[PDB]
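Written below as structure tokens is the structure these notes are about.
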Amino acid sequence: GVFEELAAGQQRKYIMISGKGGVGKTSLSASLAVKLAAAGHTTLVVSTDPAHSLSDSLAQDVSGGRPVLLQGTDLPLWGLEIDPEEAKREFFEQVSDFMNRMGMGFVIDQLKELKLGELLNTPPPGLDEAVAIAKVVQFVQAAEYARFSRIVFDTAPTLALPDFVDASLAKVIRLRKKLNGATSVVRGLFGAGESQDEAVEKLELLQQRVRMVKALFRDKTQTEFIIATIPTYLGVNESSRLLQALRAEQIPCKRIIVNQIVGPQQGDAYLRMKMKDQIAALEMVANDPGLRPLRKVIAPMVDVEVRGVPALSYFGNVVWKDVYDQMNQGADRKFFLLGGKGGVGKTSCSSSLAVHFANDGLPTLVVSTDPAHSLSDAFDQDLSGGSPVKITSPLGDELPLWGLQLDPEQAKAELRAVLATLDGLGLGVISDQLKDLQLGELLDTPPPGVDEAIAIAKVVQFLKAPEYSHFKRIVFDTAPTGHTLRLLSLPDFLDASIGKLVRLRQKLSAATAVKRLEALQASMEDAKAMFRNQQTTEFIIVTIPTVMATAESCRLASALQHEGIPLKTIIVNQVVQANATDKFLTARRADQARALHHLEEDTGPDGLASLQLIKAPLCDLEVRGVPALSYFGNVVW
Ligand SMILES: Nc1ncnc2c1ncn2[C@@H]1O[C@H](COP(=O)(O)OP(=O)(O)NP(=O)(O)O)[C@@H](O)[C@H]1O
Ligand SMILES: Nc1ncnc2c1ncn2[C@@H]1O[C@H](COP(=O)(O)OP(=O)(O)NP(=O)(O)O)[C@@H](O)[C@H]1O
Ligand SMILES: [Mg+2]
Ligand SMILES: [Mg+2]
């Protein structure tokens, strides 16, 4: 059948379970590894998890950086948990001053204090990932432990990265080559020796490894892919897009699995399942440390999805009205930032907050940093581009609302492009400007959630004649990600900026611009100036009754609380209600064969769509046990 081809041959096969965000990909890949080891393959299963996902989903601790065999079985199976932040840390890491006499002392001391050696020695971002897939081929080629018949990779959710690291490696590698024969003083600005031979020998190797992965993924004999997703519409929608990319960079992908599908027979169980959760979580939201001080709003699910202008107005009646809109008194201007992990509905909320704001007499702006065409699907107007769009699909009335979509990516490369004398001087010994601008950003990309923190700070500045005059309250719907940043990087990313605007200020003088970096300084500091502002601004976490995203939200709120940010509000958004439980099962099961259909027909048979379908039933297990897993395993494969 299906699993027959995955027990197929002696030829080593690397199965990739990949997908996004809590489909069960881990228990999916785990279960597979098990049923595969059962079959007789000496098999290794792999995750890149800081949190040790594979560890407690096996119930045996594999968290050792190198492959761990499992005690308690006669089965041939190995777990592997790889450390990204130590992947780079381990693999990557005469006096004639007659120059000072000519007066060079000033210019050499300014360039040395531009600390180029740092920019040269800073490892390119994302490295360890690309190297990780390679670390795997290493333990298994090495054959130190056993002769590995199959490998099962549970990937980090959702190919450009092996490239960008190769590129940022090549840039750095080419510039240590221009550095072996070089002047005494030139080698001195980088801290570099007279011989780069051993370094460049080693950096070259690393890059060959980074290359080996992009080579292996496309490799037609060993590699195979399997997409994992849940029955929701967007999951099928998204998965299609990832098969587009899969047929694109041309890595073989033969199977999509659907997990957490509800069996018509035993469905009545699932209802009680979800229920124990809602209670557990809600209970937690009640008593949780630090959750206590912030506003709580429990909203129920709704009759059906909110695609429209009136619907949002009424949603607003539910969330912000039946509970307190007394958040509206304050200064004349108000900022509200809603954020939440993906799946919790925070557009329908954020939108509705803006809509309830509109008719209330007050001009308001909703900002969508979500690329998804979210807010475009929200008011159903397709608000596109970067400029404000006036808000109408009413019967005729006062519409004091605008909203705009700022792609956080287009917002980054807009900033990168804007940053694209001393040019000649650096080129003075040899030509470096290309390589050092591009690597000037190799220090710039390292921030994690900042694609959007661009867009936000952009509009923060937008108070002005054309706008600040026009607007009273505004609201930020962040993208379904990490825009919520809970440690102190705010004064410190600002110090990255001022550190390098001051180094650059140092060496602009010694060539006989950077005011832009001063514009960014004021924008960031003005973005910061409102975020930490007590009166005008407040933050909101939108979340759901599943106890996982609950205790997560608690943490992220507990940390955001002591981070100082005025987060005044939580929202537990889709609460199923008991009296409606009958309808809700038939509802979420209705979604199923809808989206299941929307998959069964996607872009013909050929490009993308339907490949080979794997259905995995929802309930009900802890699913953390080894035999549990063999069970899950025999059920699906
Ligand atoms: N089909 C399923 N049947 C029963 N329990 C499931 C199923 N899928 C997931 N779970 C449970 O969901 C929890 C976490 O899901 P998991 O299988 O680890 O998803 P994942 O692959 O790790 N995705 P991610 O959240 O991005 O790491 C575990 O406690 C599992 O027991
Ligand atoms: N209280 C509710 N009752 C019923 N349906 C809801 C409720 N809240 C949200 N929804 C539905 O869930 C969806 C929420 O999607 P959205 O507002 O984009 O946030 P999201 O779930 O994180 N999606 P995305 O941003 O693309 O990752 C909407 O399409 C609504 O139809
Ligand atoms: Mg995982
Ligand atoms: Mg959203």
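Scheme for the structure tokens: letters A, B, ... for chains in order shown; per-chain residue numbers from 1; ligand numbers from 1 in order shown.
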Practice task
Show me which residues sit within 6 Å of ligand 4 when counting only C-alpha atoms and all ligand atoms, and put them as a ChimeraX atom specification.
Solution key: /A:346-347,479-480
Exercise for the section: Could you give me, as a PyMOL selection string, every polymer residue with an atom at most 7 Å away from an atom of ligand 1, counting only C-alpha atoms and all ligand atoms? Expected result: chain A and resi 20-28+53+57+157+259-260+616-624
Take the residues just selected and output them with N, CA and C atoms as a PDB file, in the first residue's frame.
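Ended up saving to again_22.pdb:
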```
ATOM      1  N   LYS A  20       3.525  22.997   8.421  1.00  0.00           N
ATOM      2  CA  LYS A  20       3.566  24.115   9.345  1.00  0.00           C
ATOM      3  C   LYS A  20       2.867  23.772  10.659  1.00  0.00           C
ATOM      4  N   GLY A  21       3.292  24.414  11.743  1.00  0.00           N
ATOM      5  CA  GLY A  21       2.384  24.823  12.806  1.00  0.00           C
ATOM      6  C   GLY A  21       1.350  23.884  13.425  1.00  0.00           C
ATOM      7  N   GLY A  22       1.777  22.735  13.932  1.00  0.00           N
ATOM      8  CA  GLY A  22       0.910  21.964  14.805  1.00  0.00           C
ATOM      9  C   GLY A  22      -0.085  21.046  14.133  1.00  0.00           C
ATOM     10  N   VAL A  23       0.253  20.599  12.939  1.00  0.00           N
ATOM     11  CA  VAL A  23      -0.524  19.563  12.295  1.00  0.00           C
ATOM     12  C   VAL A  23      -0.369  18.225  13.030  1.00  0.00           C
ATOM     13  N   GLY A  24       0.699  18.096  13.807  1.00  0.00           N
ATOM     14  CA  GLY A  24       1.083  16.801  14.330  1.00  0.00           C
ATOM     15  C   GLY A  24       2.286  16.219  13.611  1.00  0.00           C
ATOM     16  N   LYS A  25       2.971  17.059  12.832  1.00  0.00           N
ATOM     17  CA  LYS A  25       4.103  16.609  12.015  1.00  0.00           C
ATOM     18  C   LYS A  25       5.085  15.760  12.843  1.00  0.00           C
ATOM     19  N   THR A  26       5.301  16.150  14.102  1.00  0.00           N
ATOM     20  CA  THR A  26       6.216  15.432  14.990  1.00  0.00           C
ATOM     21  C   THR A  26       5.754  14.015  15.312  1.00  0.00           C
ATOM     22  N   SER A  27       4.574  13.891  15.890  1.00  0.00           N
ATOM     23  CA  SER A  27       4.004  12.573  16.113  1.00  0.00           C
ATOM     24  C   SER A  27       3.800  11.858  14.781  1.00  0.00           C
ATOM     25  N   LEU A  28       3.767  12.613  13.694  1.00  0.00           N
ATOM     26  CA  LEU A  28       3.575  11.996  12.404  1.00  0.00           C
ATOM     27  C   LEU A  28       4.853  11.339  11.997  1.00  0.00           C
ATOM     28  N   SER A  53      11.087  18.467  21.225  1.00  0.00           N
ATOM     29  CA  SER A  53       9.848  17.833  20.765  1.00  0.00           C
ATOM     30  C   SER A  53       9.884  16.315  20.626  1.00  0.00           C
ATOM     31  N   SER A  57       7.976  13.238  22.984  1.00  0.00           N
ATOM     32  CA  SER A  57       7.049  12.586  22.079  1.00  0.00           C
ATOM     33  C   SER A  57       7.539  11.206  21.784  1.00  0.00           C
ATOM     34  N   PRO A 157       8.928  23.933  10.759  1.00  0.00           N
ATOM     35  CA  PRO A 157       7.795  24.229   9.870  1.00  0.00           C
ATOM     36  C   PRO A 157       8.099  25.121   8.661  1.00  0.00           C
ATOM     37  N   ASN A 259      -3.948  15.316   9.019  1.00  0.00           N
ATOM     38  CA  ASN A 259      -4.009  14.804  10.384  1.00  0.00           C
ATOM     39  C   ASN A 259      -5.095  15.568  11.148  1.00  0.00           C
ATOM     40  N   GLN A 260      -5.628  14.968  12.216  1.00  0.00           N
ATOM     41  CA  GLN A 260      -6.669  15.590  13.043  1.00  0.00           C
ATOM     42  C   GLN A 260      -7.989  15.712  12.274  1.00  0.00           C
ATOM     43  N   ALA A 616      -5.357  11.022   8.590  1.00  0.00           N
ATOM     44  CA  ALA A 616      -5.089  10.645   9.966  1.00  0.00           C
ATOM     45  C   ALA A 616      -6.182  11.147  10.944  1.00  0.00           C
ATOM     46  N   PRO A 617      -6.920  10.204  11.589  1.00  0.00           N
ATOM     47  CA  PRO A 617      -7.999  10.414  12.577  1.00  0.00           C
ATOM     48  C   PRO A 617      -7.558  11.109  13.867  1.00  0.00           C
ATOM     49  N   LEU A 618      -8.446  11.920  14.438  1.00  0.00           N
ATOM     50  CA  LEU A 618      -8.084  12.885  15.484  1.00  0.00           C
ATOM     51  C   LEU A 618      -7.739  12.289  16.847  1.00  0.00           C
ATOM     52  N   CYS A 619      -8.630  11.443  17.369  1.00  0.00           N
ATOM     53  CA  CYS A 619      -8.776  11.247  18.839  1.00  0.00           C
ATOM     54  C   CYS A 619      -8.876   9.759  19.353  1.00  0.00           C
ATOM     55  N   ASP A 620      -8.476   9.463  20.590  1.00  0.00           N
ATOM     56  CA  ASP A 620      -8.051  10.468  21.578  1.00  0.00           C
ATOM     57  C   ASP A 620      -6.857   9.922  22.340  1.00  0.00           C
ATOM     58  N   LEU A 621      -5.686  10.513  22.221  1.00  0.00           N
ATOM     59  CA  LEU A 621      -4.598   9.982  23.005  1.00  0.00           C
ATOM     60  C   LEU A 621      -3.734  11.073  23.546  1.00  0.00           C
ATOM     61  N   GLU A 622      -2.887  10.668  24.483  1.00  0.00           N
ATOM     62  CA  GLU A 622      -1.834  11.526  24.946  1.00  0.00           C
ATOM     63  C   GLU A 622      -0.846  11.541  23.820  1.00  0.00           C
ATOM     64  N   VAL A 623      -0.715  10.389  23.164  1.00  0.00           N
ATOM     65  CA  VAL A 623       0.165  10.216  21.993  1.00  0.00           C
ATOM     66  C   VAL A 623       1.630  10.503  22.284  1.00  0.00           C
ATOM     67  N   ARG A 624       2.026  10.373  23.544  1.00  0.00           N
ATOM     68  CA  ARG A 624       3.412  10.569  23.913  1.00  0.00           C
ATOM     69  C   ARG A 624       4.179   9.274  24.161  1.00  0.00           C
TER      70      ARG A 624
END
```
Practice task
State, in Å with one decimal place, the distance from atom CA of residue A:386 to atom CA of residue A:354.
Solution key: 18.2 Å
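One distance worth recording is that between atom CA of residue A:226 and atom CA of residue A:85, which is 27.2 Å.
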What are the closest atom pairs, with distances in Å to one decimal, for all residues of chain A lying within 6 Å of ligand 2? Consider only C-alpha atoms and all ligand atoms, order rows by chain and residue number, and present the result as a Markdown table.
```
| residue | atom | partner | partner_atom_place_in_ligand_line | distance |
| --- | --- | --- | --- | --- |
| A:299 | CA | ligand 2 | 1 (N) | 5.8 |
| A:300 | CA | ligand 2 | 1 (N) | 5.2 |
| A:301 | CA | ligand 2 | 3 (N) | 3.3 |
| A:302 | CA | ligand 2 | 3 (N) | 3.4 |
| A:304 | CA | ligand 2 | 4 (C) | 5.7 |
| A:305 | CA | ligand 2 | 31 (O) | 3.2 |
| A:306 | CA | ligand 2 | 31 (O) | 4.8 |
| A:342 | CA | ligand 2 | 22 (O) | 3.3 |
| A:343 | CA | ligand 2 | 21 (O) | 2.9 |
| A:344 | CA | ligand 2 | 21 (O) | 4.3 |
| A:345 | CA | ligand 2 | 14 (C) | 3.0 |
| A:346 | CA | ligand 2 | 17 (O) | 4.3 |
| A:347 | CA | ligand 2 | 17 (O) | 3.5 |
| A:348 | CA | ligand 2 | 17 (O) | 4.5 |
| A:372 | CA | ligand 2 | 26 (O) | 5.8 |
| A:374 | CA | ligand 2 | 18 (O) | 5.4 |
| A:480 | CA | ligand 2 | 25 (O) | 5.0 |
| A:573 | CA | ligand 2 | 1 (N) | 5.3 |
| A:574 | CA | ligand 2 | 1 (N) | 4.5 |
```
Pull N, CA and C atoms from the residues just selected and write them as a PDB file, in the first residue's frame.
```pdb
ATOM      1  N   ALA A 299     -14.865  35.545  24.332  1.00  0.00           N
ATOM      2  CA  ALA A 299     -15.818  35.634  23.251  1.00  0.00           C
ATOM      3  C   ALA A 299     -16.071  34.207  22.819  1.00  0.00           C
ATOM      4  N   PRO A 300     -17.290  33.929  22.325  1.00  0.00           N
ATOM      5  CA  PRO A 300     -17.685  32.576  21.945  1.00  0.00           C
ATOM      6  C   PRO A 300     -17.368  32.395  20.505  1.00  0.00           C
ATOM      7  N   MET A 301     -17.611  31.226  19.951  1.00  0.00           N
ATOM      8  CA  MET A 301     -17.405  31.131  18.539  1.00  0.00           C
ATOM      9  C   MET A 301     -18.559  31.925  17.957  1.00  0.00           C
ATOM     10  N   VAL A 302     -18.723  31.897  16.645  1.00  0.00           N
ATOM     11  CA  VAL A 302     -19.811  32.634  16.010  1.00  0.00           C
ATOM     12  C   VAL A 302     -20.492  31.736  14.991  1.00  0.00           C
ATOM     13  N   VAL A 304     -21.031  31.824  11.943  1.00  0.00           N
ATOM     14  CA  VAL A 304     -20.243  31.563  10.734  1.00  0.00           C
ATOM     15  C   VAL A 304     -19.258  32.701  10.557  1.00  0.00           C
ATOM     16  N   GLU A 305     -18.263  32.423   9.717  1.00  0.00           N
ATOM     17  CA  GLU A 305     -17.089  33.262   9.508  1.00  0.00           C
ATOM     18  C   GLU A 305     -17.401  34.700   9.078  1.00  0.00           C
ATOM     19  N   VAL A 306     -16.590  35.636   9.584  1.00  0.00           N
ATOM     20  CA  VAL A 306     -16.859  37.058   9.436  1.00  0.00           C
ATOM     21  C   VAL A 306     -16.061  37.619   8.287  1.00  0.00           C
ATOM     22  N   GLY A 342      -0.882  32.440  15.130  1.00  0.00           N
ATOM     23  CA  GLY A 342      -1.817  32.209  14.045  1.00  0.00           C
ATOM     24  C   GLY A 342      -2.893  31.183  14.351  1.00  0.00           C
ATOM     25  N   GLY A 343      -4.099  31.430  13.830  1.00  0.00           N
ATOM     26  CA  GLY A 343      -5.260  30.585  14.091  1.00  0.00           C
ATOM     27  C   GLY A 343      -6.344  31.140  15.017  1.00  0.00           C
ATOM     28  N   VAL A 344      -6.006  32.161  15.803  1.00  0.00           N
ATOM     29  CA  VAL A 344      -6.890  32.735  16.823  1.00  0.00           C
ATOM     30  C   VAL A 344      -7.820  33.876  16.379  1.00  0.00           C
ATOM     31  N   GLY A 345      -7.845  34.191  15.090  1.00  0.00           N
ATOM     32  CA  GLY A 345      -8.799  35.162  14.578  1.00  0.00           C
ATOM     33  C   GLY A 345      -8.569  36.651  14.808  1.00  0.00           C
ATOM     34  N   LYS A 346      -7.323  37.069  14.952  1.00  0.00           N
ATOM     35  CA  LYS A 346      -7.107  38.417  15.465  1.00  0.00           C
ATOM     36  C   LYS A 346      -7.316  39.515  14.429  1.00  0.00           C
ATOM     37  N   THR A 347      -7.580  39.145  13.180  1.00  0.00           N
ATOM     38  CA  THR A 347      -7.942  40.175  12.219  1.00  0.00           C
ATOM     39  C   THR A 347      -9.406  40.566  12.440  1.00  0.00           C
ATOM     40  N   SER A 348     -10.275  39.552  12.523  1.00  0.00           N
ATOM     41  CA  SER A 348     -11.705  39.744  12.680  1.00  0.00           C
ATOM     42  C   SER A 348     -11.909  40.567  13.915  1.00  0.00           C
ATOM     43  N   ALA A 372      -1.017  38.212   4.156  1.00  0.00           N
ATOM     44  CA  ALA A 372      -1.929  37.161   3.709  1.00  0.00           C
ATOM     45  C   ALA A 372      -3.096  37.643   2.849  1.00  0.00           C
ATOM     46  N   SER A 374      -5.056  39.431   4.551  1.00  0.00           N
ATOM     47  CA  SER A 374      -5.982  39.246   5.668  1.00  0.00           C
ATOM     48  C   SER A 374      -7.022  40.352   5.680  1.00  0.00           C
ATOM     49  N   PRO A 480       0.651  37.016  12.074  1.00  0.00           N
ATOM     50  CA  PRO A 480       0.541  35.821  12.938  1.00  0.00           C
ATOM     51  C   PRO A 480       1.887  35.224  13.352  1.00  0.00           C
ATOM     52  N   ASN A 573     -10.491  33.914  22.135  1.00  0.00           N
ATOM     53  CA  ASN A 573     -11.421  34.204  21.075  1.00  0.00           C
ATOM     54  C   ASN A 573     -12.405  33.119  20.683  1.00  0.00           C
ATOM     55  N   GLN A 574     -12.002  31.965  20.198  1.00  0.00           N
ATOM     56  CA  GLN A 574     -13.122  31.124  19.804  1.00  0.00           C
ATOM     57  C   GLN A 574     -13.435  30.180  20.914  1.00  0.00           C
TER      58      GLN A 574
END
```
Problem - Residue neighbourhood residue A:551, 12 Å, only C-alpha atoms, exclusion window fewer than 5 positions, as an MDAnalysis selection string - result: chainID A and resid 277 280:291 543:546 556:558 572
Exercise for the section: Considering only C-alpha atoms, state which residue in the set A:458, A:203, A:239, A:129 is at the smallest distance from residue A:415. Expected result: A:458
Practice task
Determine which residues of stretch 162-372 of chain A receive a DSSP assignment of helix (DSSP H, G or I), computed from the backbone, and state them as number ranges by chain.
Solution key: A: 162-177, 184-189, 197-217, 233-248, 267-287, 309-321, 326-328, 346-358
Exercise for the section: Using only C-alpha atoms, determine which residues lie at most 8 Å from residue A:454, disregarding the query and same-chain residues fewer than 4 positions distant; provide the list as a list in words. Expected result: residues 408, 411, 412, 450 and 458 of chain A
Exercise for the section: Write out as JSON, numbers by chain each polymer residue whose atoms come within 9 Å of stretch 132-134 of chain A, counting only C-alpha atoms; drop sequence neighbours fewer than 3 positions from it. Expected result: {"A": [48, 82, 83, 84, 87, 127, 128, 129, 137, 138, 153, 209, 210, 211, 212, 213]}
Handout entry: Residue neighbourhood residue A:474, 10 Å, only C-alpha atoms, exclusion window fewer than 6 positions, as a VMD selection string
Key = chain A and resid 333 to 337 353 to 354 357 362 to 367 401 to 403 537
Handout entry: Residue neighbourhood residue A:484, 8 Å, only C-alpha atoms, exclusion window fewer than 2 positions, as a PyMOL selection string
Key = chain A and resi 339+481-482+486+556+560
Exercise for the section: Taking the DSSP assignment computed from this structure's backbone, write out as a list in words all residues of stretch 356-401 of chain A that belong to strand (DSSP E or B). Expected result: residues 364, 365, 366, 367, 368, 389, 390 and 401 of chain A
Can I get the selection written as a compact mmCIF listing (two decimals), in the first residue's frame, with N, CA and C atoms?
```
# COMPACT_ATOMS: atom_id res chain seq x y z
N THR A 364 -10.25 56.64 12.35
CA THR A 364 -9.38 55.60 12.86
C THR A 364 -8.67 54.85 11.77
N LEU A 365 -7.50 54.32 12.13
CA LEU A 365 -6.71 53.59 11.17
C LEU A 365 -6.38 52.22 11.69
N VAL A 366 -6.67 51.23 10.86
CA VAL A 366 -6.25 49.89 11.14
C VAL A 366 -5.07 49.60 10.21
N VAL A 367 -3.96 49.13 10.78
CA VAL A 367 -2.78 48.81 9.97
C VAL A 367 -2.64 47.29 9.90
N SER A 368 -2.55 46.75 8.69
CA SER A 368 -2.35 45.32 8.50
C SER A 368 -0.93 45.04 8.04
N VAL A 389 -6.67 53.17 2.32
CA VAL A 389 -7.90 52.94 1.56
C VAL A 389 -9.12 53.35 2.43
N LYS A 390 -9.97 54.24 1.92
CA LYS A 390 -11.19 54.61 2.63
C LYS A 390 -12.13 53.40 2.70
N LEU A 401 -12.88 55.53 8.84
CA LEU A 401 -11.95 54.41 8.98
C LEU A 401 -11.14 54.24 7.71
```
Completion exercise
Between atom CA of residue A:455 and atom CA of residue A:355 lies a distance of 21.8 Å
Exercise for the section: Return the single residue from A:229, A:207, A:47, A:158 that is closest to ligand 3, with distances computed using only C-alpha atoms and all ligand atoms. Expected result: A:47
Exercise for the section: Can you work out which one of A:504, A:338, A:160, A:192 has the shortest atom-to-atom distance to residue A:130, counting only C-alpha atoms? Expected result: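 Of the candidates, the smallest distance to residue A:130 is held by A:160.
For the set A:154, A:90, A:5, A:163, the residue with the smallest atom-to-atom gap to ligand 3 is A:154, counting only C-alpha atoms and all ligand atoms.
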Exercise for the section: Could you tell me which of A:1, A:604, A:123, A:50 comes closest to ligand 3 if we count only C-alpha atoms and all ligand atoms? Expected result: A:50
